[PDB]
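Some notes on the structure that comes next.
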Amino acid sequence: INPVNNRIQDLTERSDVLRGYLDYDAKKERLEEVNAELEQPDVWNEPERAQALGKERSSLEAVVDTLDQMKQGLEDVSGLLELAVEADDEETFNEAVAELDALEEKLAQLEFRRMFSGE
RNA sequence: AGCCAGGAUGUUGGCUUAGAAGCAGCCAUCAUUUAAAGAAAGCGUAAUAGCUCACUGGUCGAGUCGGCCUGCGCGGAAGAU
Ligand SMILES: [Mg+2]
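All residue numbers for the first sequence refer to my numbering, where the first residue is 261 and numbers rise by one.
Structure below.
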């Protein structure tokens with residue numbers, strides 16, 4: 261269990277680091293304005309511009325959305341772990357141990373993507 | 001051959017894409033209500049939407065379709081006293 265324990269916190273830390281690197285607030289802000297623009301119906305009259313806007317939005321959402329998921333997913337995992345601890349059941353514990361890996365992998369992938377920006 | 005009607009459902013098939021809803025592609029090209037309805041032949045769009053088409057049901061009420069063999073013609077075919 262000690263390794264599992266180590267993995268929960270470490271993952272969180274790395275997520276935090278990633279977020280910091282991103283400087284996510286700016287991105288969020290951009291998304292917001294972009295979202296607002298999209299909501300306004302006059303943007304779609306000019307097609308190319310609209311398309312561009314759409315392109316801009318999704319990525320912004322997704323990076324930010326990914327981050328959100330990580331934040332939330334991690335929390336969920338923690339909760340699960342807590343539950344397991346409280347109720348001495350093996351299956352739950354096992355689940356707690358396992359589910360975290362996927363999130364970590366996702367995070368890693370995201371980081372990799374961030375790294376290799378050039379075409 | 002025209003003419004009148006439908007030209008549905010799962011479904012907007014997923015994806016990758018910025019979006020993809022027959023129609024950017026890439027791929028499967030299946031099944032349903034059955035009279036019949038292509039996971040779609042063309043137009044159309046931001047993409048849907050929208051407008052046709054395929055096949056099929058009515059009207060009508062006799063011939064009709066496009067290959068082959070050969071005859072004769074047509075275009076292709078502009079020049080300097
Ligand atoms: Mg001749």
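We treat Cβ as the ideally placed atom computed from N, Cα and C, and that holds for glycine.
Check	Outcome
Of the listed residues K331, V294, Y284 and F372, nearest to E273 (C-alpha basis)	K331
Endpoints, the alpha helix (DSSP H) within which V323 is located	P307 to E346
Simplified DSSP assignment, three categories, for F353	helix
Euclidean distance between Cα positions of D285 and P307	29 angstroms
Euclidean distance between Cα positions of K366 and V303	34 angstroms
C-beta atoms of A356 and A344 nearer than 7 angstroms	yes
Where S318 falls, given that 16 or more other Cβ within 10 Å makes a residue buried	exposed
Presumed contact (8 angstroms Cβ cut-off) between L313 and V337, rounded CB distance	Between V337 and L313 the Cβ distance is about 35 angstroms, and since that is not below 8 angstroms, they are no contact.
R373 beta carbon less than 7 angstroms from that of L327	no
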